[PDB]
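**Q** Below is the structure I would like to discuss, written out as structure tokens.
Protein chains in written order, with full-length UniProt numbering: chain A, 274 to 324; chain B, 274 to 324; chain C, 378 to 429; chain D, 603 to 869; chain E, 2 to 232; chain F, 2 to 232.
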């Protein structure tokens, strides 16, 4: 979400060995925003889908 | 009040699902300022009324 | 009193019409549009007052 | 027996023992690429140069250049309503946009619906005269009437101060809509974002190509002071477009018909 | 389910038997189905407007009659509520491709009056009237108010300016009378307003007053579809 | 209750507020009521005929299109299911004094075929098409089947002679599109039948076969009454 220095705490671009869940579909909750949502509600690696 | 990075901790603009108390009237204590007051004394969502 | 709903919820006189003796069943007395902008104008050739 | 399936699908024995073996290579992007690109919504948030605009082409004297542009970037090719004019195949002339083909312009006519905020940057490169202290300003239009892409100059060098103020009040910068200003001598970059306000609209037509002749409901007016002296003839504005964070596209109904050609000679 | 479809859509094989509101399809084989997986949300339909629907269309009141008493002149009027309600142009588009009706037509009388007007009128209802060689419908006699006061009646006055609502039951020897046939609602009971003397006024006012008659069908059983235009 | 009434009838005083299906009556005083106490029995209404009612009228299928393949000739057809269903004469009497519609128009394709006929056609659906300056609707090109195979589509053949049912969701930027306005259903998605080559036959038979397209609205929300004739 809107947090101070959020790029440091991401895996942010890449391999991140447990980030080989590219074959998983993102689930969007029925009124989910992009910011304070599914990037924390799916998992740690939901930031490679753009969230 | 005068705090460091206060815009991050607001819901600040919008839906904020529990912020559908727009039908509530703001109560102003008998010598209440706007800054260190009713935005913390009414509730979390008293910042959509401008406080 | 700077809430929008505190200003807008005030019941304010808007207009006035009449109901004649010659009115019969199914006679229209007034028709009005359901919207916020209920104003009334007073023209007097240079000026045009808008009472809202 | 799966024999008229609209999506097909009946796997017959192919030439591999191991099914989909490149998903089991976890450390593949530690060797070759350094990164993996999975979604377009991540890649749509890179800014890309759209188009440049020269303020000393509209008025005369010292004036205030204003440009009504859509929030969504205009499209790249031979418009019937283009802002420029190119030499076509019949050795004549036709309207043409000399803008770039962004990823947003590529992806949007393949989807039905479109909703979201859109981000712009205005860069103000070129040359300039030493006697400038102008302010570059972006201000949004209403969501009832989409204005087309247009250019206007407001003169500020009149003898009357009131007839200068009446020109500053013909501008969208003077209105209650959202305004961002900056000084060109100190920052020269706006970095604005147009929100998605609407008259009860859940989305709009993502397959609408005529943005330069109609506009959309996220238009913005960009305003900058200009003088008629030389070395301001090279003063321009560069538009970089990207995509806000509440942006989404609808259902995919297939790629459009595409066309491949280089830019013609501008006439 | 399976076989090369994504999260946005679904390809399936539905049943051989397809029923949708009086049309059956007995298919020779299971067809294919492409669903675009479109579930809308709440705040996309207006809530609270289930009162005036299409199924309960015949329960909507229409003003079948309007009359005016003037001081010095009587009301002697005769109308058929079944032929006034179901002779409307807008209900006849809704009872159009049906055959059986079986309603119960409740009516209502509104009179505005004043404390200075006086006099009284009787509104009576004749129930069946098919092979009815009695219960005359003629000009005004004061002795037609004795036979009409045993029928379902209401008393309407301007002084208290009140009252008036009857239920008008179905009574008919068959159940589910036809809508196609000619004059299918005419011989099912009719109302007559007799006046006892004359409308009067105590200050010599001569303004007319209005007697309005509304009607609507209560428990409709409209159920067999046909291709014939319903009269 | 009391006051001189018998077992056959009832005189009462009902409420001042009378509601019956979008008409309210706020009466100045409690009116009088004459009930004839008519309760019918069972075996006076047909039971089991609640399937084709008036409220679910728009769920009734109508045959919007019919075509015939002949061996040697292709099917390239273009139709608008929303403009074919709601352009009917009989549904336009039922959506007549309403304003808001919001349906979901599910259609069905029936093809009879034979084991000797072969060939295949693609029926595709374009969802919204309001400010759509792409997705051409022109003469037949074989390269228009690549763009049309990503839209909601069904494959129809005569050999197995099967398949065909899509759901066609509402998709529209407003909720509850108007019925009064002109061309209110035209720009809401249309179907095109392309043919891949040509209908063929293996014994040299030249008889045509029929492709029938039915359509009906699924979850109707028809709710605001008005006096304007619905186009």
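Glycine included, C-beta positions come from ideal geometry on N, C-alpha and C.
1. How about residue 231 of chain E and residue 100 of chain E: are their beta carbons less than 9 Å apart?
2. Less than 6 Å between C-beta atoms, sequence neighbours within five positions excluded: which residues of the same chain meet that for residue 312 of chain A?
3. Give me the subset of the segment 7 to 26 of chain E whose CB atoms are less than 7 Å from a CB atom of chain D, sorted by chain position.
4. Would you decide whether residue 108 of chain F is buried or exposed? Buried here means 16 or more other CB atoms lie within 10 Å of its CB.
5. Residues of the UniProt domain "Capsid protein VP4 dicistrovirus" (277 to 324) of chain B with a CB closer than 9 Å to any CB of chain C: list them in chain order, please.
6. What residue ranges within the segment 134 to 169 of chain F form continuous beta strand (DSSP E) runs of no fewer than 3 residues, ordered along the chain?
7. Sorted by chain position, which residues of the same chain lie with C-beta nearer than 7 Å to residue 294 of chain B's C-beta, five sequence neighbours on each side aside?
8. Say whether chain C places a C-beta atom closer than 9 Å to the C-beta of residue 71 of chain E.
9. Can you say whether residue 716 of chain D is buried or exposed, counting buried as having 16 or more other CB atoms within 10 angstroms of its CB?
10. Just how far apart, CA to CA, sit residue 734 of chain D and residue 787 of chain D?
11. Give the DSSP bridge partners of residue 1 of chain F, in chain order.
12. Could you tell me which chain B residues have their CB closer than 8 Å to the CB of residue 380 of chain C, listed as they occur along the chain?
13. Should residue 647 of chain D be flagged as near chain A, meaning a C-beta pair shorter than 9 Å?
14. Report buried or exposed for residue 675 of chain D, applying the criterion of at least 16 other Cβ atoms within 10 angstroms of its Cβ.
15. So the candidates are E:93, E:159, E:117, E:174; which of them puts its Cα closest to the Cα of residue 181 of chain E?
16. Spatial neighbours of residue 423 of chain C within its chain, please: C-beta separation below 7 Å, excluding the five flanking residues on both sides.
17. With a threshold of 9 Å between beta-carbons, can residue 854 of chain D be considered close to chain E, or not?
18. Interface residues of chain D around residue 175 of chain F at Cβ under 8 Å?
19. Look up residue 305 of chain B in the DSSP assignment and give the residues it is bridged to.
20. Using three-state DSSP, classify residue 629 of chain D as helix, strand or coil.
21. Taking Cβ to Cβ, would you say residue 2 of chain E is nearer than 9 Å to residue 13 of chain E?
22. With DSSP as the reference, label residue 652 of chain D as helix, strand or coil.
23. Using a C-beta cutoff of 9 Å, does residue 609 of chain D count as contacting chain E?
24. Who are the Cβ neighbours of residue 18 of chain E in its own chain at under 8 Å, not counting the five residues just before and after it?
25. So, residue 127 of chain F versus residue 609 of chain D, is the Cβ gap smaller than 9 Å?
26. Pull up the DSSP beta-bridge partners for residue 827 of chain D, would you.
27. Roughly how many angstroms lie between the CA atoms of residue 648 of chain D and residue 137 of chain F, to the nearest whole one?
28. Per DSSP, what kind of secondary structure is residue 277 of chain A in: helix, strand or coil?
29. Can you tell me the Cβ-Cβ gap for residue 178 of chain F and residue 102 of chain F, rounded? I've got them flagged as a contact below 8 Å.
30. Of all Cβ atoms in chain F, is any one closer than 9 Å to the Cβ of residue 163 of chain E?
31. Give the single residue among D:672, D:722, D:613, D:697 whose Cα lies nearest to the Cα of residue 841 of chain D.
32. What does residue 155 of chain F touch in chain D if you count any residue whose Cβ is under 7 Å from its own?
33. In this structure, how does DSSP classify residue 834 of chain D when only helix, strand and coil are distinguished?
34. Below 8 Å on C-beta distance, what does residue 641 of chain D contact in chain A?
35. For residue 162 of chain E, which option in E:213, E:130, E:173, E:133 has the closest C-alpha, if you only look at C-alpha atoms?
36. For the segment 385 to 407 of chain C, enumerate the residues whose C-beta is nearer than 9 Å to any C-beta of chain E, in chain order.
**A** Reading it off the structure:
1. The residue given as residue 231 of chain E occupies position 230 in the fifth chain. The residue given as residue 100 of chain E occupies position 99 in the fifth chain. For residue 231 of chain E and residue 100 of chain E, yes; Cβs fall inside 9 Å.
2. Within the first chain, the letter at position 39 stands for residue 312 of chain A. Closer than 6 Å at the Cβ level, and outside the excluded window around residue 312 of chain A, lie 319, 320, 324.
3. Within the segment 7 to 26 of chain E, the residues whose Cβ lies closer than 7 Å to some Cβ of chain D are 9, 12, listed in chain order.
4. For the purposes of this step, residue 108 of chain F is taken as the residue at position 107 of the sixth chain. It counts as buried.
5. 295, 296, 298, 299, 322, 323
6. 154 to 157
7. By 1-based counting over the second chain, the position of residue 294 of chain B is 21. Correct list, in chain order: 318.
8. By one-based count along the fifth chain, residue 71 of chain E stands at place 70. No, its Cβ sits nowhere closer than 9 Å to a Cβ of chain C.
9. Stepping through the fourth chain from its first residue, residue 716 of chain D is reached at position 114. Looking at its Cβ environment, which holds 16 or more other Cβ atoms inside 10 Å, residue 716 of chain D is buried.
10. Locating residue 734 of chain D in the fourth chain gives position 132, counting from the first residue. Locating residue 787 of chain D in the fourth chain gives position 185, counting from the first residue. Each residue's Cα considered, the two are about 8 Å apart.
11. Past the edges of chain F, shown from 2 to 232, lies residue 1 of chain F, and the structure says nothing about it.
12. Working through the third chain from its first residue, we reach residue 380 of chain C at position 3. Ordered by position in chain B, the residues that pass the 8 Å Cβ test against residue 380 of chain C are 298, 299, 322.
13. For the purposes of this step, residue 647 of chain D is identified with residue 45 of the fourth chain, where counting begins at 1. For residue 647 of chain D, the answer is yes, since a Cβ of chain A falls inside 9 Å of its Cβ.
14. In the fourth chain, the residue the question calls residue 675 of chain D occupies position 73. Classification for residue 675 of chain D: buried.
15. Locating residue 181 of chain E in the fifth chain gives position 180, counting from the first residue. Minimum Cα distance to residue 181 of chain E is reached at E:93.
16. Against the third chain, residue 423 of chain C aligns to sequence position 46. For residue 423 of chain C, where only same-chain residues beyond five positions count, there are no Cβ hits under 7 Å.
17. As a working note, residue 854 of chain D is residue 252 in the fourth chain. Closer than 9 Å: yes.
18. As a working note, residue 175 of chain F is residue 174 in the sixth chain. Here the neighbours are 802, 803, 804.
19. Mapped onto the second chain, residue 305 of chain B falls at position 32. Residue 305 of chain B pairs with nothing; no bridge assigned.
20. The count along the fourth chain starts at 1 and reaches residue 629 of chain D at position 27. DSSP places residue 629 of chain D in helix when its eight states are reduced to three.
21. The count along the fifth chain starts at 1 and reaches residue 2 of chain E at position 1. The count along the fifth chain starts at 1 and reaches residue 13 of chain E at position 12. For residue 2 of chain E and residue 13 of chain E, yes; Cβs fall inside 9 Å.
22. For the purposes of this step, residue 652 of chain D is identified with residue 50 of the fourth chain, where counting begins at 1. Three-state result, residue 652 of chain D: strand.
23. Within the fourth chain, numbered from 1, the residue matching residue 609 of chain D stands at position 7. Yes, because at least one Cβ of chain E sits closer than 9 Å to the Cβ of residue 609 of chain D.
24. What you label residue 18 of chain E is simply residue 17 of the fifth chain in a count that begins at 1. Answer for residue 18 of chain E: 25, 26, 27, 28, listed in chain order.
25. Start at 1 with the first residue of the sixth chain, and residue 127 of chain F comes out as number 126. Start at 1 with the first residue of the fourth chain, and residue 609 of chain D comes out as number 7. For residue 127 of chain F and residue 609 of chain D, no; Cβs fall outside 9 Å.
26. The residue labelled residue 827 of chain D in the question sits at position 225 within the fourth chain. Bridge partners of residue 827 of chain D according to DSSP: D:666.
27. Against the fourth chain, residue 648 of chain D aligns to sequence position 46. Against the sixth chain, residue 137 of chain F aligns to sequence position 136. About 31 Å.
28. On the first chain, position 4 is the one that residue 277 of chain A refers to. It is coil, neither helix nor strand.
29. For this step, residue 178 of chain F is matched to residue 177 along the sixth chain. For this step, residue 102 of chain F is matched to residue 101 along the sixth chain. With 8 Å as the limit, residue 178 of chain F and residue 102 of chain F qualify as a contact, their Cβ atoms being about 6 Å apart.
30. On the fifth chain, residue 163 of chain E is found 162 positions in, with the first residue counted as 1. It does: the Cβ of residue 163 of chain E has a partner Cβ on chain F nearer than 9 Å.
31. Translated into positions along the fourth chain, residue 841 of chain D becomes position 239. Checking every option, the nearest Cα to that of residue 841 of chain D belongs to D:722.
32. Taking the first residue of the sixth chain as 1, we reach residue 155 of chain F at position 154. The answer, in chain order, is 608.
33. Your numbering for residue 834 of chain D matches position 232 in the fourth chain. Coil.
34. Here residue 641 of chain D refers to the residue found at position 39 of the fourth chain. Simply 321, 322, 323.
35. For the purposes of this step, residue 162 of chain E is taken as residue 161 along the fifth chain, with counting starting at 1. Residue E:213 is the option with its Cα nearest to residue 162 of chain E.
36. Residues of the segment 385 to 407 of chain C whose Cβ lies closer than 9 Å to any Cβ of chain E, in chain order: 398, 401, 402, 403.
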